[PDB]
Every structure is written in C-alpha cells, then in structure tokens.
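>>> this one's a deposited entry, sequence included:
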Amino acid sequence: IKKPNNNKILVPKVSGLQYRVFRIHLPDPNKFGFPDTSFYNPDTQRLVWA
Amino acid sequence: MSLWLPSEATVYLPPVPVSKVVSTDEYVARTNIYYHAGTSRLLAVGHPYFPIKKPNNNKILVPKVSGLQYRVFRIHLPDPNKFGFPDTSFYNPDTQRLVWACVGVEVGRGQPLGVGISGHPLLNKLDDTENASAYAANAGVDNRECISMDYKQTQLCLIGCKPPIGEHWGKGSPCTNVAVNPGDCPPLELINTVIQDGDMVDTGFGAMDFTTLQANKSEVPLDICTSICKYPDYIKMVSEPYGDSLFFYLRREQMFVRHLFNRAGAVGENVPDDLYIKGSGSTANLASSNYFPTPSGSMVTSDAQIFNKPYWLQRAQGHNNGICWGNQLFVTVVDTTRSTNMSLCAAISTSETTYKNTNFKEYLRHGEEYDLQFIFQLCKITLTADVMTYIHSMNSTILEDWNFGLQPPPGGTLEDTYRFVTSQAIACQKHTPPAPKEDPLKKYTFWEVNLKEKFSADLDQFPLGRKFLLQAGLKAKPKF
Amino acid sequence: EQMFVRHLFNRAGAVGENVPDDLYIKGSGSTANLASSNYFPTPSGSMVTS
C-alpha cells in the first residue's frame, strides 16, 4: 500500500506465501573474552560456531 | 600487521554471576503420600450464540454456553499445612512447609461427539467468488445475507498454577504523524491477556478483536460478532522463566477452506494500476477484491480425542515440575468436538391439528459435561535462608500465605495522634481506615472448582486412582 | 464414532429468543426483517471401511 503520488510504502506486503529468509548474525567467537583463553591460541588457531 | 595502531576492538566479556532459576526437584522434596481429588459432575446449559437477558432489565436469564469457548477452571486445593492427616510426623512445621504437586490429571467429557453450526442473519457477503459464471451485477445497498458455517476444529488442555495467557490482534493508536481521516484502517497491535472462562477460541477468522476492528458488526457469525477470539500464547508461556503458567499442554487443530466469498463495502485500498489491465463495459469497474473463506473443521473422530485419558506428569516442560503453588491449579480446556446445539421447540397452542409456522417458537440450546480428576502428591520444602530468598523472589505471596518470614510487624517510625480529636481546628482527625482488596485474580472470571472437601487417600476406590495404582505398579488391597 | 457436517440449514417458526440489537446493524428494505438464526447441520457419518 503506497500513496498515489509518492512511492513510499505505507503498508508492506506480508502474506503466508512468501519466503522468510532470515540472515542470522553471530558474534565473532574470536572476540569473546574467555576467563581461560589459554584454551585457544590466537597465533595459530581460530574459532567458529557450529 | 606491521604497524602499531592506537586502540582495540570489541571484546564480549563474560556476564556477572546471576542467581539462576532452578528446577523444583532441587528444593521441593517428594513424599509417598498421594491423594485423589475429583469434581462431582460439571454441567452447563445455555444459548450457543448470545446470553438471553431481560428486555427491560439486564439480569441474564440464560447464559452463553458454546462449544467454542475457553473452559478455564480454577481448582482450589486444601491447605496441606492445615489439612488433617492421620499422622503428621513426616514433616517438621518449625522448619518445613508442605505443598501439593500434580501427578496425574483426567479431564472427562460427557456428551456425544458432534459439530455445531453458527452464522449471522445479516453477514457481509457480496458474492461467491469460488466459481463465478458472469461478472457481478450492480452492487446495491445492504447486500448482506444469512450465512452459516461450522468452525475450525480445536482441542487443547493447558495445566498450570497461574492462569493461561492468550494473544489476539487489537487496535493500537497510530503515531501522531498521520492525518487520520474517518474510515481509515485501524493500526494493529498484538495484545496479551489472561484467558478467562468464557472467551472465544480462534475459529478460522483469526485471533482478533471483533469489537474494535470491525465496526461493520456483520462480518463474522453471531457468537464471535462482538467477542475477542484468543489464541494461547505458547511462545510466551513456555519462555516464562519459572514455568508456572504452563507445565503441561496438548492441542489438536484442523481446518480447511470450504467456501470462498467476497466482502461488500467501500474499497479501503484500491488495486494498484500495475496489477491488472483495465476493462471496458461490464468489467470497467473492479469487483471487491476483499476475499474471505468460511472455515470448516472436518470429520470429528473418536480416535483423535485427547480427553477421557489420564495424563501422568513426570517431567514438566519448565522448571516448575507440577508444583501447585498457592494451593491452586488452572485447567484450561477447549473442546469443539462435542459442540452439538440441540434445537428445541414449544407449541403456543396444543389444540391445532394442522401445522402452522406461527404456532411454534424455536429455541437453540447447548449442554456441556465435565468431570475432572487429579492425583496429587504431597511435597515438603525445608525453608532455609537460600530457599526462602529464592521463593520470595519467585512468587512474593507464597512465603506470606505459609506462615514464614519473621518480617517486622509494624515497620513504622511514628504515628500522629492529636489530642482533642473532637475539635473543629484539627482538620478531620479520624484514624479509622477501611480495608482494600486482597486477591489479584478478582478481575477475571473462572469456573471455580472447590476441591477442599474432595481429597481422599484411598485411590483404588476411584477410577483415576486405580489407573494410577496400575500404571505405578503397586496394588493397594491385601484384604481377604 | 465419527461425523462431519454435510449441509447447513435453517429452521422455520416464530423466533423464541430474538437476537439482541447490539449484535448487528439494522437493515432496510429486503433485510429489514431478520432471517432465522436457528441453524441445524445435516450430519454425515463418513466412509465405512473394513
């Protein structure tokens, strides 16, 4: 639903037949401050989420 | 890196130690004392669509009783700290407190299976757009018709020690940036409310407020024409930190689109110019593109029945493992599979031997039948300082219902007491205060069930009692 | 026991309990008189199988 003069959407299209493709953003686990960080070397290893 | 640059970047630090929510298996100790409680038989007769009330008064002569309502029972258990046991030497009342736990539940239903039909005498319907022969003729004024529909089929049963929470779409207030014209679309908002006994279930038209969102008053059938159709908030009830509002639930739902209709009225938002090619002559004006289906819960079957079966609560979904805090339980029941509406009639004159329509007054009625049975275990909590803090933070009124707290009685510094309390220059010195309200659940309506006098210790004399004994091994009667 | 609703019908006869006036909006002309709000479905026990 957009105005006849402009094209700014006043009410978007939301139906039960659209793909809902979510893009999940995770925190960088190499930027986690672990109390015992000695569990992973930053000069030879890197972390990732599974 | 070959350069020494000034500062650093994000570091997600470990959070501060929080006092976590723990399972009731850690501070609530179970005992071998089980009790059977059950209601006599719960009947409710009324009108399926509206409450018949006096034309001049407002006393309700016949209440509204539909198969599409929420049955929220508020069970009352006897206080195990006041209960009379044959031997009270299993717990020490100086450092312990007792509470009932729910072990098994049987929600018995009584009437035969059947599907009831509801409809509006003036329903906002323009045409049947499922299979049209020619383009619609002139849409005049007041094109409403009398249409009926059988609703979506639904069964559910939520058990907890707090009242359930339902969701629906309501009317919010638009931000103060819009030039609001009359006849504008109401902005939507999802609202959470405590489901009370007598609220209408979602029926295939959405969980919405049909009073504030449809001023037409003619788009849904008579029973939900001015009601609020509510759907249980499972996302919110299972995500509550303590798990009190829901520690067991079932649900069965089914619906298909039976007929496909149109709406009548001024167009709110017209079809944009790039979604069609304009017509000429008959199709020069677009028909109403506001479609709506009539729901249909299909065959009701005896095998898809979730009621009349015992549920043994061994591991609750949340942290509250079936502990009925406050000596109180909440059984929510929807069952639209026994919603047959019996149609009665009465003869104005018993003389006439020829049928005349003006001789018989036709009424509709509906009857419900419930019979609730629970098996309750007896649990004791040894209230240390840590358990007392945990419980006072979980629910404030538990430690005040049960005589425990040792909190200061007066908690006061100084009170004023004018001499010559009868003078005229003392500014109304009456130290005589009234009393306020006490129960926070007074604003809601539940089907109150008083199981205070209904607790029994010999289970094998009750159907659910011997079902429990059978499922748990042991017999009970080494007699004869 | 199994059953579904095959046909949705109406009942004829003087209305015993009239629809409250706050449940609808009055009509004019053809719809000035309410149709019968007494509905009754036609049952149908579905397929029988061995």
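Perfect, thanks for sending it. Numbers count the residues shown, from 1 in each chain, chains lettered A, B, ... in the order given.

>>> in contact with residue A:32: list those residues for me.
A:47, B:11, B:12 (C-beta atoms under 8 Å, 6 or more residues apart in numbering or on different chains). Quick note: C-beta positions are derived from backbone N, CA and C, even for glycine.

>>> with residue A:1 instead?
A:9, A:10, A:11, B:269.

>>> just the element for the nearest residue to it once chain neighbours are set aside, please.
For residue A:1, ignoring the flanking residues on the chain, the nearest one in space by C-beta to C-beta, 6 or more residues apart in numbering or on different chains is residue A:11 at 3.8 Å. For residue A:11, there is no enclosing helix or strand under DSSP states H and E.

>>> can you give me the neighbour number for residue A:11?
Using other C-beta atoms under 10 Å in any protein chain shown, residue A:11 is surrounded by 10 other residues.

>>> same check, this time on the one 5 residues further on
Burial measure for residue A:16: 5 neighbouring residues, criterion other C-beta under 10 Å.

>>> what about it, which SS state?
coil (DSSP: H, G, I helix; E, B strand; the rest coil).

>>> now it: how far from chain B?
12 Å (C-beta to the nearest C-beta, to the nearest Å).

>>> angles on the backbone of that residue, please.
Phi and psi for residue A:16, reported as degrees, to the nearest 10, are phi -70, psi 0.

>>> for it, what are its contacts?
No contacts exist for residue A:16 under C-beta under 8 Å, 6+ apart.

>>> sorry, back to before: so which of the contacts of residue A:1 is the closest to chain C?
Closest approach between the contacts of residue A:1 and chain C, by C-beta to the nearest C-beta: residue B:269, at 23.0 Å.

>>> quick check: residues of chain A near chain B?
Along chain A, the residues adjacent to chain B under the rule C-beta under 8 Å from any C-beta of the partner chain are A:1, A:2, A:11, A:27, A:28, A:31, A:32, A:33, A:34, A:35.

>>> what about the spatially closest residue to the second one that is not a sequence neighbour, neighbour count?
It stands for residue A:2. Nearest in space to residue A:2, with sequence neighbours left out and distances taken as C-beta to C-beta, 6+ apart, is residue A:9 at 5.1 Å. Residue A:9 sits with 10 neighbouring residues when counted by other C-beta under 10 Å.

>>> what do you get for residue A:28?
Residue A:28 has 13 neighbours, counted by other C-beta under 10 Å.

>>> quick check, central residue of chain A?
Centroid-nearest residue in chain A: residue A:25, 2.3 Å away (criterion: C-alpha atoms, centre = their mean).

>>> hang on, it in a strand?
No. Assigned with three-state DSSP, residue A:25 falls outside any strand and is coil.

>>> and stretch A:32-47, how far out from the chain's middle?
23 Å (C-alpha atoms, centre = their mean, to the nearest Å).

>>> list the buried residues for it?
Going by neighbour count (16 or more other C-beta atoms under 10 Å in any protein chain shown), nothing in stretch A:32-47 comes out as buried.

>>> endpoints of that stretch, how far apart?
Length of stretch A:32-47, first residue to last, C-alpha to C-alpha, to the nearest Å: 10 Å.

>>> check stretch A:40-50 too.
Across stretch A:40-50, first to last residue, C-alpha to C-alpha, it's 16 Å.

>>> check stretch A:31-44 too.
End residues of stretch A:31-44 are separated by 15 Å (C-alpha to C-alpha).

>>> got it, and stretch A:28-37?
Note: stretch A:28-37 ends 15 Å apart using C-alpha to C-alpha.

>>> stretch A:13-23 too?
19 Å.

>>> next up, phi/psi of residue A:33, please.
Dihedral angles for residue A:33 - degrees, to the nearest 10 - are phi -90, psi 100.

>>> same thing with residue A:6?
Torsion angles at residue A:6 (phi, psi; degrees, to the nearest 10) stand at phi -90, psi -180.

>>> just residue A:2 next, same as before
With angles defined as degrees, to the nearest 10, residue A:2 sits at phi -130, psi 160.

>>> enumerate every residue touching it.
Contacts of residue A:2 (C-beta under 8 Å, 6+ apart): A:8, A:9, A:10, B:272.

>>> burial count for the first one?
The number of residues packed around residue A:8, counting by other C-beta under 10 Å, is 7.

>>> need the nearest residue in space to it, chain neighbours excluded.
residue A:2 (6.3 Å).

>>> check the third one too.
Using C-beta to C-beta, 6+ apart and skipping the chain neighbours, the partner closest in space to residue A:10 is residue A:1 (4.9 Å).

>>> contacting residues for the closest residue in space to residue A:3 that isn't next to it in sequence?
Distances taken as C-beta to C-beta, 6+ apart place residue A:10 nearest to residue A:3, at 6.6 Å, with adjacent residues excluded. Going by C-beta under 8 Å, 6+ apart, residue A:10 touches A:1, A:2, A:3.

>>> one more pass at 10 Å, please.
Applying C-beta atoms under 10 Å, 6 or more residues apart in numbering or on different chains, we find residue A:10 in contact with A:1, A:2, A:3, B:178, B:185, B:269.
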